[PDB]
file start.cif (mmCIF, C-alpha atoms and all ligand atoms)
data_start
#
loop_
_atom_site.label_atom_id
_atom_site.label_comp_id
_atom_site.auth_asym_id
_atom_site.auth_seq_id
_atom_site.Cartn_x
_atom_site.Cartn_y
_atom_site.Cartn_z
CA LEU E 2 30.29 11.11 -21.06
CA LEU E 3 30.74 14.65 -19.51
CA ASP E 4 31.34 15.25 -15.71
CA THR E 5 28.01 17.16 -15.46
CA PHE E 6 26.06 17.81 -12.22
CA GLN E 7 23.76 14.72 -11.91
CA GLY E 8 21.09 16.11 -9.57
CA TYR E 9 18.26 13.57 -9.25
CA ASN E 10 16.15 14.44 -12.37
CA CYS E 11 16.64 16.41 -15.65
CA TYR E 12 15.27 19.65 -14.05
CA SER E 13 17.48 19.51 -10.90
CA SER E 14 20.47 18.41 -13.08
CA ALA E 15 20.07 21.51 -15.33
CA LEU E 16 19.58 23.90 -12.34
CA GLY E 17 22.61 22.41 -10.50
CA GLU E 18 24.87 22.41 -13.61
CA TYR E 19 23.97 26.11 -14.17
CA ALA E 20 24.68 26.91 -10.46
CA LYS E 21 28.00 24.91 -10.61
CA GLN E 22 29.25 26.74 -13.74
CA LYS E 23 28.03 30.24 -12.60
CA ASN E 24 28.98 30.01 -8.87
CA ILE E 25 25.35 30.38 -7.61
CA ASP E 26 25.37 29.38 -3.91
CA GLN E 27 22.96 26.94 -2.14
CA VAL E 28 21.23 25.53 -5.28
CA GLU E 29 23.52 22.44 -5.45
CA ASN E 30 23.22 21.59 -1.72
CA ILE E 31 19.39 22.03 -1.71
CA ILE E 32 19.24 19.59 -4.69
CA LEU E 33 21.73 17.07 -3.22
CA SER E 34 19.81 16.93 0.12
CA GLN E 35 16.37 16.27 -1.48
CA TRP E 36 14.62 13.14 -0.15
CA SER E 37 11.36 12.36 -1.90
CA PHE E 38 9.12 9.72 -3.47
CA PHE E 39 5.83 9.99 -5.37
CA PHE E 40 3.46 7.58 -7.08
CA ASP E 41 0.54 8.55 -9.38
CA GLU E 42 -1.63 5.51 -10.32
CA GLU E 43 -3.51 7.68 -12.94
CA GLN E 44 -0.17 8.52 -14.70
CA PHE E 45 0.77 4.78 -14.48
CA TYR E 46 -2.22 3.88 -16.73
CA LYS E 47 -1.56 6.76 -19.21
CA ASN E 48 2.09 5.52 -19.56
CA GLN E 49 3.34 8.90 -18.23
CA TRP E 50 6.25 9.11 -15.77
CA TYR E 51 4.37 7.89 -12.67
CA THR E 52 6.94 7.41 -9.87
CA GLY E 53 10.43 8.24 -8.60
CA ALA E 54 11.65 11.28 -6.70
CA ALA E 55 9.28 13.87 -8.19
CA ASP E 56 6.60 14.69 -10.73
CA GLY E 57 7.86 16.81 -13.65
CA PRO E 58 9.07 18.05 -15.93
CA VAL E 59 9.29 21.04 -13.49
CA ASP E 60 9.97 19.85 -9.90
CA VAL E 61 7.52 22.13 -8.03
CA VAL E 62 8.52 20.66 -4.58
CA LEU E 63 12.19 21.52 -5.39
CA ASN E 64 11.12 25.07 -6.45
CA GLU E 65 9.32 25.45 -3.04
CA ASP E 66 12.51 24.18 -1.24
CA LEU E 67 14.66 26.68 -3.25
CA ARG E 68 12.29 29.57 -2.25
CA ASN E 69 11.88 28.41 1.40
CA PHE E 70 15.64 27.78 2.14
CA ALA E 71 17.56 30.16 -0.22
CA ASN E 72 14.80 32.67 -1.27
CA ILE E 73 15.80 31.53 -4.85
CA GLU E 74 13.06 31.75 -7.57
CA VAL E 75 13.24 29.69 -10.79
CA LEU E 76 11.43 32.05 -13.23
CA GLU E 77 9.68 30.41 -16.23
CA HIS E 78 10.09 32.48 -19.43
CA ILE E 79 7.74 31.56 -22.25
CA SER E 80 8.65 32.96 -25.68
CA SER E 81 7.79 32.86 -29.39
CA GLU E 82 9.72 31.87 -32.55
CA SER E 83 10.06 35.68 -33.29
CA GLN E 84 11.84 36.43 -29.96
CA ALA E 85 13.24 33.15 -28.47
CA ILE E 86 16.65 32.88 -30.25
CA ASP E 87 17.26 36.68 -29.83
CA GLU E 88 16.38 36.35 -26.09
CA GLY E 89 18.83 33.36 -26.06
CA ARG E 90 21.57 35.55 -27.64
CA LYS E 91 20.98 38.25 -24.90
CA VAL E 92 21.08 35.58 -22.10
CA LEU E 93 24.28 33.92 -23.55
CA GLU E 94 26.03 37.34 -24.01
CA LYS E 95 25.22 38.15 -20.30
CA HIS E 96 25.45 34.71 -18.54
CA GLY E 97 27.02 32.25 -21.11
CA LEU E 98 24.24 29.63 -20.49
CA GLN E 99 20.44 29.32 -20.92
CA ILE E 100 18.29 26.58 -19.29
CA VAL E 101 15.73 25.40 -21.90
CA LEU E 102 12.89 22.85 -22.05
CA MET E 103 13.27 20.65 -25.14
CA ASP E 104 11.43 17.72 -26.71
CA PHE E 105 14.00 14.85 -26.42
CA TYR E 106 12.44 13.21 -29.54
CA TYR E 107 14.90 15.54 -31.42
CA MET E 108 18.11 14.47 -29.56
CA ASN E 109 19.92 11.25 -28.45
CA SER E 110 20.48 11.62 -24.65
CA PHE E 111 21.32 8.01 -23.54
CA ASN E 112 23.05 4.99 -25.24
CA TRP E 113 20.38 2.23 -24.90
CA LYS E 114 22.65 -0.03 -27.02
CA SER E 115 24.86 -0.08 -23.81
CA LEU E 116 22.05 -2.25 -22.20
CA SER E 117 21.53 -4.26 -25.45
CA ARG E 118 18.34 -2.26 -26.28
CA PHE E 119 18.54 -1.66 -30.06
CA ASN E 120 14.81 -0.86 -30.53
CA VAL E 121 15.26 2.79 -29.29
CA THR E 122 11.70 4.25 -29.69
CA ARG E 123 11.62 8.07 -30.22
CA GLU E 124 9.23 9.72 -27.70
CA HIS E 125 7.93 13.33 -27.42
CA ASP E 126 9.21 13.72 -23.78
CA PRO E 127 10.08 17.23 -22.47
CA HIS E 128 13.52 17.39 -20.73
CA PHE E 129 15.79 20.24 -19.57
CA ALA E 130 19.06 21.12 -21.32
CA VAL E 131 21.59 23.98 -21.07
CA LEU E 132 22.15 26.00 -24.28
CA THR E 133 25.85 27.10 -24.46
CA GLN E 134 26.25 28.32 -28.09
CA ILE E 135 24.03 29.94 -30.80
CA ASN E 136 25.57 29.92 -34.35
CA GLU E 137 23.75 30.81 -37.63
CA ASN E 138 22.68 27.24 -38.57
CA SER E 139 23.40 25.29 -35.32
CA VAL E 140 23.38 25.34 -31.48
CA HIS E 141 25.36 23.42 -28.84
CA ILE E 142 23.35 21.93 -25.92
CA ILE E 143 24.51 20.05 -22.80
CA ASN E 144 22.15 17.38 -21.39
CA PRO E 145 23.60 17.26 -17.85
CA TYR E 146 21.23 14.49 -16.62
CA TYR E 147 22.50 12.08 -19.35
CA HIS E 148 26.14 13.47 -19.38
CA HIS E 149 25.80 14.02 -23.18
CA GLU E 150 26.33 17.03 -25.46
CA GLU E 151 25.46 17.57 -29.12
CA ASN E 152 25.27 20.15 -31.89
CA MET E 153 21.70 20.48 -33.22
CA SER E 154 20.61 22.24 -36.47
CA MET E 155 18.80 25.57 -35.74
CA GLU E 156 15.79 23.99 -37.59
CA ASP E 157 15.79 20.91 -35.23
CA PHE E 158 16.43 23.11 -32.11
CA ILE E 159 13.43 25.35 -32.98
CA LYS E 160 11.24 22.18 -33.58
CA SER E 161 12.38 20.74 -30.17
CA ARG E 162 11.22 24.02 -28.48
CA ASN E 163 7.80 24.49 -30.25
CA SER E 164 6.77 20.76 -30.13
CA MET E 165 3.59 19.17 -28.72
CA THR E 166 4.74 16.51 -26.18
CA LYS E 167 3.10 13.79 -23.99
CA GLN E 168 3.14 16.36 -21.09
CA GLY E 169 2.01 19.38 -23.22
CA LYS E 170 3.14 22.05 -25.71
CA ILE E 171 6.66 23.52 -25.35
CA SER E 172 6.71 27.29 -26.26
CA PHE E 173 10.47 28.14 -26.14
CA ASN E 174 10.28 27.82 -22.32
CA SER E 175 13.47 28.89 -20.48
CA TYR E 176 14.26 28.93 -16.76
CA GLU E 177 16.09 31.71 -14.90
CA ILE E 178 17.63 31.11 -11.43
CA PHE E 179 16.86 34.46 -9.68
CA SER E 180 17.18 35.87 -6.11
CA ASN E 181 16.34 39.30 -4.60
CA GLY E 182 17.91 38.44 -1.19
CA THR E 183 19.57 34.98 -0.74
CA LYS E 184 19.83 32.92 2.49
CA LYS E 185 22.43 30.28 3.56
CA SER E 186 21.16 26.93 5.03
CA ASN E 187 23.26 24.28 6.82
CA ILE E 188 23.22 20.77 5.29
CA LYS E 189 21.80 19.22 8.51
CA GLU E 190 18.84 21.72 8.47
CA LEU E 191 18.12 20.80 4.81
CA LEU E 192 18.20 17.04 5.61
CA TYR E 193 16.18 17.40 8.86
CA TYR E 194 13.38 19.25 6.99
CA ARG E 195 13.41 16.72 4.10
CA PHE E 196 13.35 13.58 6.33
CA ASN E 197 10.62 15.03 8.65
CA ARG E 198 8.56 15.89 5.51
CA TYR E 199 9.17 12.40 4.01
CA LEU E 200 7.73 10.79 7.21
CA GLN E 201 4.88 13.39 7.73
CA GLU E 202 3.67 12.94 4.09
CA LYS E 203 4.16 9.11 4.45
CA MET E 204 6.19 9.07 1.19
CA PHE E 205 7.33 5.48 2.03
CA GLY E 206 3.60 4.49 1.70
CA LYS E 207 3.75 5.64 -1.98
CA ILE E 208 6.52 2.98 -2.48
CA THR E 209 4.10 0.34 -1.01
CA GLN E 210 1.33 1.70 -3.33
CA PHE E 211 3.73 1.28 -6.32
CA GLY E 212 4.56 -2.31 -5.18
CA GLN E 213 0.81 -3.12 -4.93
CA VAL E 214 0.15 -1.79 -8.50
CA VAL E 215 3.13 -3.87 -9.81
CA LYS E 216 1.59 -7.06 -8.23
CA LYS E 217 -1.60 -6.36 -10.30
CA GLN E 218 0.30 -6.31 -13.68
CA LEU E 219 0.68 -10.16 -13.84
CA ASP E 220 -1.88 -10.38 -16.76
CA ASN E 221 -0.86 -7.08 -18.51
CA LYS E 222 0.72 -7.97 -21.93
CA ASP E 223 1.79 -4.26 -22.30
CA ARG E 224 5.04 -4.19 -20.29
CA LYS E 225 5.81 -0.50 -21.16
CA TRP E 226 5.04 0.44 -17.48
CA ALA E 227 8.16 -1.55 -16.42
CA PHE E 228 10.41 0.47 -18.82
CA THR E 229 8.85 3.77 -17.64
CA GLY E 230 9.33 2.62 -14.00
CA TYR E 231 12.99 1.73 -14.75
CA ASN E 232 13.56 5.29 -16.10
CA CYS E 233 11.52 6.93 -13.25
CA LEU E 234 13.49 5.16 -10.48
CA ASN E 235 16.95 6.43 -11.62
CA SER E 236 15.96 9.60 -9.64
CA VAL E 237 15.74 7.49 -6.42
CA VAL E 238 19.12 5.81 -7.05
CA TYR E 239 20.60 9.32 -7.63
CA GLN E 240 19.13 10.67 -4.34
CA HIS E 241 20.66 7.66 -2.47
CA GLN E 242 24.06 8.25 -4.16
CA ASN E 243 23.80 12.04 -3.48
CA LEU E 244 23.16 11.37 0.24
CA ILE E 245 26.20 8.97 0.32
CA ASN E 246 28.30 11.78 -1.26
CA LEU E 247 26.92 14.38 1.25
CA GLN E 248 27.80 11.95 4.11
CA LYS E 249 31.44 11.84 2.86
CA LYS E 250 31.79 15.59 2.08
CA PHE E 251 30.25 16.74 5.42
CA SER E 252 31.38 13.67 7.56
CA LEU E 253 27.67 13.20 8.54
CA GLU E 254 26.13 10.62 10.90
CA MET E 255 24.01 8.21 8.77
CA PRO E 256 22.26 4.93 9.58
CA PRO E 257 24.60 2.09 8.44
CA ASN E 258 22.36 0.57 5.69
CA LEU E 259 22.31 3.55 3.18
CA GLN E 260 24.52 1.63 0.64
CA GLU E 261 22.32 -1.51 1.11
CA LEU E 262 19.22 0.61 0.27
CA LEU E 263 20.95 2.01 -2.87
CA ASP E 264 21.77 -1.63 -3.84
CA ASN E 265 18.09 -2.61 -3.22
CA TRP E 266 16.88 0.18 -5.61
CA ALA E 267 19.50 -0.71 -8.28
CA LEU E 268 18.30 -4.37 -8.11
CA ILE E 269 14.61 -3.27 -8.44
CA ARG E 270 15.61 -1.22 -11.55
CA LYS E 271 17.56 -4.18 -13.02
CA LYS E 272 14.57 -6.53 -12.45
CA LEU E 273 12.10 -3.98 -14.01
CA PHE E 274 14.30 -3.63 -17.13
CA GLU E 275 14.66 -7.46 -17.38
CA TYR E 276 10.87 -7.90 -16.93
CA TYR E 277 10.21 -5.27 -19.67
CA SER E 278 12.64 -6.90 -22.16
CA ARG E 279 12.93 -10.67 -21.24
CA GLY E 280 9.26 -11.79 -20.91
CA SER E 281 9.66 -13.19 -17.32
CA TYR E 282 6.49 -13.70 -15.20
CA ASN E 283 8.06 -12.25 -12.02
CA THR E 284 5.71 -9.27 -11.21
CA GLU E 285 5.17 -10.86 -7.74
CA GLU E 286 9.00 -10.97 -7.08
CA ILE E 287 9.41 -7.31 -8.20
CA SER E 288 6.32 -6.30 -6.11
CA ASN E 289 7.87 -8.11 -3.06
CA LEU E 290 11.24 -6.28 -3.54
CA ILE E 291 9.43 -2.89 -3.76
CA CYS E 292 7.23 -3.56 -0.67
CA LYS E 293 10.41 -4.67 1.26
CA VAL E 294 12.32 -1.46 0.34
CA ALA E 295 9.24 0.63 1.38
CA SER E 296 9.54 -0.78 4.97
CA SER E 297 13.36 -0.31 4.91
CA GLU E 298 13.00 3.36 3.74
CA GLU E 299 10.41 4.18 6.45
CA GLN E 300 12.82 2.82 9.12
CA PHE E 301 15.85 4.57 7.46
CA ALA E 302 14.08 8.00 7.53
CA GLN E 303 13.19 7.54 11.26
CA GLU E 304 16.84 6.56 12.00
CA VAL E 305 18.30 9.57 10.03
CA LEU E 306 16.30 11.95 12.31
CA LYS E 307 17.70 10.13 15.41
CA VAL E 308 21.42 10.37 14.37
CA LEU E 309 21.77 13.46 12.10
NA NA E 401 13.23 14.82 -17.47
#
call {"tool": "encode", "arguments": {"input": "start.cif", "output": "structure tokens"}}
result
Amino acid sequence: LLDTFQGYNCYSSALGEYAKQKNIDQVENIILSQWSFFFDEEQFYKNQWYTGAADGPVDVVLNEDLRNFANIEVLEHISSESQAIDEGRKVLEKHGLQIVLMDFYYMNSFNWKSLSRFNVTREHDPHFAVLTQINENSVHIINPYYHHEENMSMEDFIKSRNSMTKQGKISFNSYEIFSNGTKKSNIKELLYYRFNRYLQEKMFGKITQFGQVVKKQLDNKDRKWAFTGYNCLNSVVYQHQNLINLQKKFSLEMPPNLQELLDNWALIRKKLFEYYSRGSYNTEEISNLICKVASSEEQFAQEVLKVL
């Protein structure tokens, strides 16, 4: 396990890791001060990632934050098999790193056997990685979200970048952090804007919506939603941990229950994974935990604005 920038999702992890290694200001703090929740009932039924901090794979709200606060643009480069590796060589020669979108079917990000899950289903899911080396027959990629690295055959790497996925066709997509005129933001300004937006957009109500949809799964013999939800909600745990770390680094005023809320989300994740794998009939219990944390998060956001 590498000491990679965690961010709160694969996209923000890759952007932050790049910024960390290349000394690009503001990107890390804008990521670490995100405060967000979404729920898409239509994605729930298609077994797509349907909740957590942000829709993806690209975090468009984070891109808007990066433009608004730092005048930083994350440029999407599409390419072709004829040009992509050569463009990669030019980017590595200049910058040493390239942010790429890859089909994670073709790599082994996370050790499921750590949670006693041995039936590790391969899925055509797009995730972000950082390319660090191009050799003749192989590449080295860092998966900062999962703290993993691997060497991949050039054949496999090319397949991972031209693949049809659940969320659409990858075409050698790469992502360039760019600015023609940067801006500095203070951490309290970033948090103020995020917490006001969280309350204005009633993001806590999307947690209640999620809880209500969980209550309605009592008769659903397909428990895959609970696994997807488990994976989706790591982003929320990471935001809570990131805010705890910001509190410490910047000696911030926080409401006193931030750790309790992190614990509440970790317990919801544990119960979702146990429901998925252990055949319990506790959708009502999990629904009740989610609806409880929704109320707690609304109050927490109000209190952050009072004390920040
Ligand atoms: Na991802």
call {"tool": "closest_residue", "arguments": {"input": "start.cif", "among": "E:130, E:291, E:210, E:116", "to": "residue 275 (chain E)", "atoms": "only C-alpha atoms"}}
result
E:116
call {"tool": "closest_residue", "arguments": {"input": "start.cif", "among": "E:238, E:126, E:302, E:259", "to": "residue 48 (chain E)", "atoms": "all atoms listed in the file"}}
result
E:126
call {"tool": "residues_near_ligand", "arguments": {"input": "start.cif", "ligand": "ligand NA 401 (chain E)", "cutoff": "7 Å", "atoms": "all atoms listed in the file", "output": "NGL selection string"}}
result
:E and (10-12 or 57-58 or 127-129)
call {"tool": "atom_distance", "arguments": {"input": "start.cif", "atom1": "CA of residue 123 (chain E)", "atom2": "CA of residue 51 (chain E)"}}
result
19.0 Å
call {"tool": "residues_around", "arguments": {"input": "start.cif", "residues": "region 281-289 of chain E", "least_positions_apart": "4", "cutoff": "7 Å", "atoms": "only C-alpha atoms", "output": "list in words"}}
result
residues 212, 213, 215, 216, 218, 219, 269, 272, 276 and 293 of chain E
call {"tool": "atom_distance", "arguments": {"input": "start.cif", "atom1": "CA of residue 110 (chain E)", "atom2": "CA of residue 36 (chain E)"}}
result
25.2 Å
call {"tool": "closest_residue", "arguments": {"input": "start.cif", "among": "E:91, E:44, E:81, E:145", "to": "residue 18 (chain E)", "atoms": "all atoms listed in the file"}}
result
E:145
call {"tool": "atom_distance", "arguments": {"input": "start.cif", "atom1": "CA of residue 2 (chain E)", "atom2": "CA of residue 250 (chain E)"}}
result
23.6 Å
